[PDB]
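Next comes just one chain, in structure tokens: the form deposited in one PDB entry.
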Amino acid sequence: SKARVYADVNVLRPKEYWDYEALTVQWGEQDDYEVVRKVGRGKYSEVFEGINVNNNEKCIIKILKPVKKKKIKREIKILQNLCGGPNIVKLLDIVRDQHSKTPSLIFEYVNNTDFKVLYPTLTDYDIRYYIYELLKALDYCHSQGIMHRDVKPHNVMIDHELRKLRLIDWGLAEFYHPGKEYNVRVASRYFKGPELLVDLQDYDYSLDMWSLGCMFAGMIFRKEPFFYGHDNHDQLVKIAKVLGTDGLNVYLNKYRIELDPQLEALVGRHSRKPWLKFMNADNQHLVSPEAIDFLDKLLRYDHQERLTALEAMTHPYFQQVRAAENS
């Protein structure tokens, strides 16, 4: 398998672009930036509202937990590579604590609203608008030879008052190289593509489009997460109970994949559940044929069959957003 688009980006670029292991960090000044308040945390970092003491402007201070030097250079290089692109979070500085050498990544400040509280309030149009803003970031990063690999609401910072959106946490992101076999232990379970769940390792940018599809299904159906598996085998089963097993079988044989016996038995055999079966009185106001058509074209087992971020942006679902822009 190769990517259908942007496959040669890294081939054509100087090795310095994608050789993140050869990065030597230029450390800035740790006391330029003071923690004001914690705003988030995860397996790999803690994140604070901060202040730049020089100019008294807000910032975001992402303090990294102990991890391999490689994974740190990866995220930095990716961030520097994408700095300036549409709706991609801006890395302003990199610093460390002299004594312990714990890295902090310093970012533009974004004033997020938790999605679990924000998304209920989003109107039909809002959803079109923000998903389009997120597609800008994705087309940009793919165009630059990079896969996010962890698209999910938690990694999409939205300032609803200013209607500004940023794609955050490039910690799992990777450079796309034709043919390369990647670690499938990426993304977060509910947003993992079937490729990851069936150990197809030569995946690409398309992985992020599945993830996007999962996020989008959750928003329009008000069912978050959309695919709610308890473990990775169950994640595939939950998908197969919606997309049906035939599509799965076509897919497995195309890429010559054999499901280990236990998974194959868990998945079973299921007919397809049409997207309209998810509409109800909680979500009706957000379900439209254009939404469903767009969704349908994202959630495909075959990653080669999914819309590219470029393609998705032109889907008629987004036409008012696009027209609003072109004026």
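Note that residue numbering begins at 1 and tracks the sequence as displayed.
Below: the form solved in complex with a partner chain, not depicted.
Contact annotation: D97 falls within 4.5 Å of its partner chain in the deposited complex, judged by heavy atom distances. Though the partner is left out of this view, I63 does reach within 4.5 Å of its partner chain in the deposited complex, counting heavy atoms only. For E57, no non-hydrogen atom is located within 4.5 Å of its partner chain in the deposited complex, even though that partner is not displayed.
Not displayed here, its partner chain is kept clear of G179 by more than 4.5 Å at the level of heavy atoms in the deposited complex. At a distance of at most 4.5 angstroms from its partner chain in the deposited complex, all three residues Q30, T113 and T121 contribute at least one non-hydrogen atom.
From the list 72 to 80, 89 to 97, 237 to 245, 206 to 214, the contact stretch for its partner chain in the deposited complex under a 4.5 Å heavy atom rule is 89 to 97. Listed residues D302, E34, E264, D296 were compared with its partner chain in the deposited complex; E34 is the one with a heavy atom within 4.5 Å.
In summary, among the residues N232, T102, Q201, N249, the only one with a non-hydrogen atom within 4.5 Å of its partner chain in the deposited complex is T102.
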